[PDB]
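Undergrad: got a structure for you, letters missing:
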Ligand SMILES: CCCCCCCCCCCCCCCCCC(=O)OC[C@H](COP(=O)([O-])OCC(O)COP(=O)([O-])OC[C@@H](COC(=O)CCCCCCCCCCCCCCCCC)OC(=O)CCCCCCCCCCCCCCCCC)OC(=O)CCCCCCCCCCCCCCCCC
Ligand SMILES: CCCCCCCCCCCCCCCCCC(=O)OC[C@H](COP(=O)([O-])OCC(O)COP(=O)([O-])OC[C@@H](COC(=O)CCCCCCCCCCCCCCCCC)OC(=O)CCCCCCCCCCCCCCCCC)OC(=O)CCCCCCCCCCCCCCCCC
Ligand SMILES: CCCCCCCCCCCCCCCCCC(=O)O[C@@H](COC(=O)CCCCCCCCCCCCCCC)COP(=O)(O)OCCN
Ligand SMILES: CCCCCCCCCCCCCCCCCC(=O)O[C@@H](COC(=O)CCCCCCCCCCCCCCC)COP(=O)(O)OCCN
Ligand SMILES: *P(=O)(O)OCC(C)(C)[C@H](O)C(=O)NCCC(=O)NCCS
């Protein structure tokens, strides 16, 4: 429902950014050594 | 009291804050290398 | 016996230098101790000999810059006390948590932590004093100017400091020990710098402001020049943006 | 649609105060921005910007240079108001 | 016990150059191809030394830089989003941060590599991006918070007031720290001089070009779209001219 999702859009965007960045970081953390 | 709580408290207790930071720095700098 | 980077390596290099240059060589010959382990030792022992000159040159520059910003000796002295106390608290806390083996330090994290702490402390002190003096130049009395300074700058200081403490804690996830060892100590030092800037700074301002004309402004005509810059920006923003991007392209190319 | 000359000067003088510092007691309809008030061409730009922001009176760049006195600005604003 | 044999290899020019580091993979490939089809095939090949260590450090440095950059840029975006309730302001600040960092490091590369002839040490990039990101976060947050708190009187008047108020302060702070970092040029150690002058040139360019003209210019172009998710007015409802005095 849009009325309540567009009220917490900042925490949702922060969560999306944190998730994407964390997955990309844990992916890059495996390139060294191998 | 029409002033916010945090700056009002930092302003009322201004000199104990300064002295507390002073003894903190003193201990932290003389009790360890 | 050591391991390039550790202190046992320098132990061993200086011990070998002692053994070698302890007894005289035959006439007409000289003996040296090279390798990328005596170079590292000499580099790490001359770095702290040049940093003792840098520690004086940076403060000699700080004092001049402070006198140029605030055309006043007492204001520069007050701000310098703020910065020095923040730096001292940061160094003490980090050296304490490293000495008691609570956190893992390094002789590179220290040289970077000093720089970051001085930067943050100077920035926050300038922010606080500048907001206070700007509110003072608009007519507000000392108490109203103190509260305007706090309400305008404290949350900025807190947010920026916590962002730096998080960014330089995410270095703990890197793989190189150079960067990996920067995470915890730099984050803790940032937390200490922020706590100092947000409690001791305002307290020093609230104490010194109630004596004579200590923190009263002098350079208020700089606000007018910066207002004229802002006017030029809001009137012709397109050309100014084109010029700025053209200047940035010089470096980006 | 007939904001009086005194009213326009009153609203303009409290922008001139914030921009420069000249008291509204000095802003009289015969003073020159360059000579008497000593207001450069870049402070006039922000006087015009703040006038447009506060009272909606838009003064372009080509017309801002030809307003030498305070009376010229008042006359410009009144003639713009007349439409 | 005779199960391992070792070879001591020397380079021709500088071992720690870009060529001496690229030679490590070639040495390993040559050793692997020499035992191909022999009774020694399938043996383990180990290569140690200084150029091998620096090859490993070279590979790891770029991934560590990417990790730190991703983390720092995401943290900066998050704090700009929390402070200014705006996606466009946060994205513009992140973009200007990236552009300023790039331009500053390019200017330092110019000054040192092309003019002075000395290349930049491999740690200068990391030590510079760390400090530059931190101080840029400081100064950008202080500017946009004032912008947000003053655009209520009009976006143009708000930008003028925010400049006159906080641009002075961020410029003073940036200049102070830039000139205390450029004081490292007196060191005998060229790596310290390079780090100091890189941070100093980066802060000079940043505070005198990017934060001084480019960020408020972008805020002025995008009038109400700088705060997009929030609905702001370009200017308030016009007021009537006040009664005299
Ligand atoms: C041991 C050795 C170690 C080495 C280090 C040691 C050295 C130690 C000593 C260091 C000495 C430096 C001392 C610094 C002084 C500190 C000043 C201070 O505290 O700050 C507040 C300071 C207050 O000044 P004030 O003396 O108190 O008086 C106030 C005015 O007089 C008020 O009077 P007014 O109202 O009548 O009007 C004047 C008004 C101004 O009024 C106006 O004129 C308005 C103009 C509107 C602009 C309209 C067109 C806009 C064009 C857009 C295009 C975009 C790009 C434009 C670039 C700028 C073009 C102007 O002035 C202002 O107040 C605001 C000035 C705005 C400044 C913006 C210009 C930025 C310059 C950017 C170029 C620099 C390149 C950076 C790249 C560096 C690369 C490494 O603010 C300033 O005025 C800025 C002055 C200094 C800022 C930096 C300028 C140079 C300083 C050093 C930089 C070195 C770079 C050289 C590189 C060479 C290139 C190849
Ligand atoms: C290492 C990578 C790590 C990550 C990198 C960093 C990641 C973050 C990226 C940063 C993102 C930037 C944020 C931009 C968002 C702003 C858009 C917005 O929502 O505002 C609405 C805004 C609407 O405002 P408006 O049109 O004025 O509304 C009409 C008014 O109501 C009434 O209209 P009026 O009567 O006032 O008429 C006048 C009006 C005109 O009114 C109109 O009707 C114009 C409408 C047509 C324009 C739209 C056409 C766009 C078609 C192309 C779209 C390109 C988008 C690219 C992807 C997004 C950007 C990344 O004049 C204007 O306002 C137009 C000027 C505004 C643009 C000026 C520049 C501001 C943009 C910020 C970038 C600064 C440029 C620096 C250059 C960098 C050089 C390297 O959108 C626009 O139309 C402005 C266009 C913005 C151009 C963006 C170009 C960015 C260039 C950088 C790209 C680099 C990416 C490379 C990635 C890596 C590749 C290797
Ligand atoms: C370097 C790391 C950077 C990573 C960051 C990635 C950036 C991705 C940006 C994605 C943009 C998504 C923003 C979501 C829109 C939020 C607007 C909304 O939902 O509510 C607004 C309502 O306004 C609207 O009605 C607009 C609705 C249209 C939204 C459509 C979403 C557009 C998605 C943009 C796509 C751009 C993706 C770019 C990806 C690179 C405001 O509500 P409010 O006033 O109650 O809350 C404010 C108080 N806190
Ligand atoms: C490694 C550990 C750290 C990890 C941290 C990860 C990243 C965390 C990100 C931190 C975000 C913190 C956000 C706080 C500032 C956000 C700015 C904001 O929300 O804007 C509002 C800010 O609102 C607030 O006031 C937020 C509360 C901040 C008050 C600051 C009080 C400082 C406390 C002094 C003691 C400091 C001791 C803290 C030690 C760390 C606008 O308020 P206003 O303009 O109306 O005026 C405010 C003052 N009247
Ligand atoms: P004043 O006589 O000093 O004139 C100043 C101004 C800046 C008003 C100038 O002469 C002018 O009228 N137009 C130039 C536009 C401009 O400055 N654009 C931005 C610089 S890229």
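TA: Perfect, I can see it now. Residues are numbered from 1 along each chain as shown, chains lettered A, B, ... in the order given. Ligands and ions are numbered 1, 2, ... in the order given.
Undergrad: Which residue is the nearest non-sequential neighbour of residue 5?
TA: Since you didn't name a chain, this refers to chain A. residue A:12 (7.1 Å; C-beta to C-beta, 6 or more residues apart in numbering or on different chains). In this view, the C-beta of every residue, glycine as well, is placed from N, C-alpha and C.
Undergrad: was after chain D, sorry
TA: Residue D:5 sits nearest to residue D:74 (C-beta to C-beta, 6+ apart), 5.7 Å away.
Undergrad: Tell me if the one you found really is in a helix.
TA: Yes: assessed with DSSP: H, G, I helix; E, B strand; the rest coil, residue D:74 lies in a helix.
Undergrad: Surely it and residue D:8 touch.
TA: Yes: Residue D:74 lies in contact with residue D:8 (C-beta atoms under 8 Å); the separation is 5.0 Å.
Undergrad: which SS class is the residue nearest to residue A:5?
TA: Classification of residue A:12 by three-state DSSP places it in helix.
Undergrad: gap between residue E:233 and chain C?
TA: 15 Å (C-beta to the nearest C-beta, to the nearest Å).
Undergrad: give me every residue that touches that residue.
TA: E:154-155, E:224 (C-beta atoms under 8 Å, 6 or more residues apart in numbering or on different chains).
Undergrad: now it: how far from residue E:50?
TA: According to C-beta to C-beta, to the nearest Å, residue E:233 and residue E:50 sit 64 Å apart.
Undergrad: What degree of burial does residue C:2 show, as a neighbour count?
TA: Neighbour count for residue C:2, taken as other C-beta atoms under 10 Å in any protein chain shown: 15.
Undergrad: Who are the contact partners of the nearest residue to it once chain neighbours are set aside?
TA: Spatial nearest neighbour of residue C:2, chain neighbours left out: residue C:9 (2.9 Å); criterion: C-beta to C-beta, 6+ apart. Residues near residue C:9 by C-beta under 8 Å, 6+ apart: C:1-3, C:37, C:40-41.
Undergrad: Show me which residues of the stretch 101-250 of chain C sit near chain B.
TA: Residues of the stretch 101-250 of chain C lying near chain B by C-beta under 8 Å from any C-beta of the partner chain: C:143, C:146-147, C:150-151, C:154, C:196, C:199-200, C:202-204, C:206-207.
Undergrad: Can you tell me which of those are classed as buried?
TA: Buried by 16 or more other C-beta atoms under 10 Å in any protein chain shown: C:146-147, C:150-151, C:154, C:196, C:199-200, C:202-204, C:206-207, out of these.
Undergrad: quick one: which of the residues you listed is nearest ligand 2?
TA: Ligand 2 has its nearest neighbour among these in residue C:154, at 28.6 Å by C-beta to the nearest ligand atom.
Undergrad: separation between the spatially closest residue to the closest one that is not a sequence neighbour and residue E:208?
TA: Spatially, and ignoring its direct neighbours in sequence, residue C:154 is nearest to residue C:198 (6.0 Å; C-beta to C-beta, 6+ apart). Going from residue C:198 to residue E:208 by C-beta to C-beta gives 28 Å.
Undergrad: Over to residue E:98?
TA: For residue E:98, the distance to residue E:208 - C-beta to C-beta - is 18 Å.
Undergrad: same question, residue E:128
TA: Taking C-beta to C-beta, one finds residue E:128 at 17 Å from residue E:208.
Undergrad: The two: who's more crowded?
TA: Shown here are residue E:128 and residue E:208; by other C-beta under 10 Å, residue E:128 has more neighbours (25 against 15).
Undergrad: Could you tell me how many residues sit around residue 5?
TA: Since you didn't name a chain, this refers to chain A. Residue A:5: 9 neighbours (other C-beta under 10 Å).
Undergrad: my question was about chain D
TA: For residue D:5, using other C-beta under 10 Å, the count is 15.
Undergrad: Run a quick neighbour tally on residue E:49.
TA: 17.
Undergrad: next one: residue E:101
TA: Counted by other C-beta under 10 Å, the residues lying close to residue E:101 total 21.
Undergrad: so residue E:224 makes contact with residue E:156?
TA: No: between residue E:224 and residue E:156 there is no contact under C-beta under 8 Å: 11.5 Å.
Undergrad: of these two, who's got more company?
TA: Between residue E:224 and residue E:156, counted using other C-beta under 10 Å, the more crowded position is residue E:156 (24 against 15).
Undergrad: ok so, going back, could I get the residues of the stretch 101-250 of chain C next to chain B in a markdown table, plus columns for secondary structure?
TA: Shown next, in a markdown table, are those (three-state DSSP):
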| residue | secondary structure |
| --- | --- |
| C:143 | helix |
| C:146 | helix |
| C:147 | helix |
| C:150 | helix |
| C:151 | helix |
| C:154 | helix |
| C:196 | helix |
| C:199 | helix |
| C:200 | helix |
| C:202 | helix |
| C:203 | helix |
| C:204 | helix |
| C:206 | helix |
| C:207 | helix |
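Undergrad: Which residue ranges of chain D form helices?
TA: D:5-19, D:41-55, D:61-64, D:70-81 (DSSP state H).
Undergrad: Tell me which of those helices sits nearest to ligand 2.
TA: Using C-beta to the nearest ligand atom, the nearest of the helices of chain D to ligand 2 is helix D:41-55, at 14.2 Å.
Undergrad: now the angle between helix D:5-19 and the closest one, please.
TA: 120 degrees (axes from the mean of the first three to the mean of the last three C-alpha atoms, to 10 degrees).
Undergrad: and helix D:41-55, how far from the chain's centre?
TA: 8 Å (C-alpha atoms, centre = their mean, to the nearest Å).
Undergrad: can you give me phi and psi for residue D:2?
TA: phi -130, psi 50 (degrees, to the nearest 10).
Undergrad: how near is the closest residue to it other than its chain neighbours to ligand 5?
TA: Using C-beta to C-beta, 6+ apart and skipping residues adjacent in sequence, the residue nearest residue D:2 is residue D:81, 7.7 Å away. Distance of residue D:81 to ligand 5, computed by C-beta to the nearest ligand atom, to the nearest Å: 25 Å.
Undergrad: Verify the stated contact: residue D:81 with residue D:5.
TA: No: in this structure, residue D:81 is not within contact of residue D:5 by C-beta under 8 Å, at 11.2 Å.
Undergrad: Kindly report the residues of chain B close to ligand 4.
TA: B:4, B:6 (C-beta under 6 Å from any ligand atom).
Undergrad: Which parts of chain B are helices?
TA: Using DSSP H, helices in chain B cover B:5-12, B:14-30.
Undergrad: and what of chain E?
TA: Under DSSP H, chain E gives helices at E:18-34, E:50-83, E:87-109, E:124-150, E:155-162, E:168-181, E:190-205, E:215-221.
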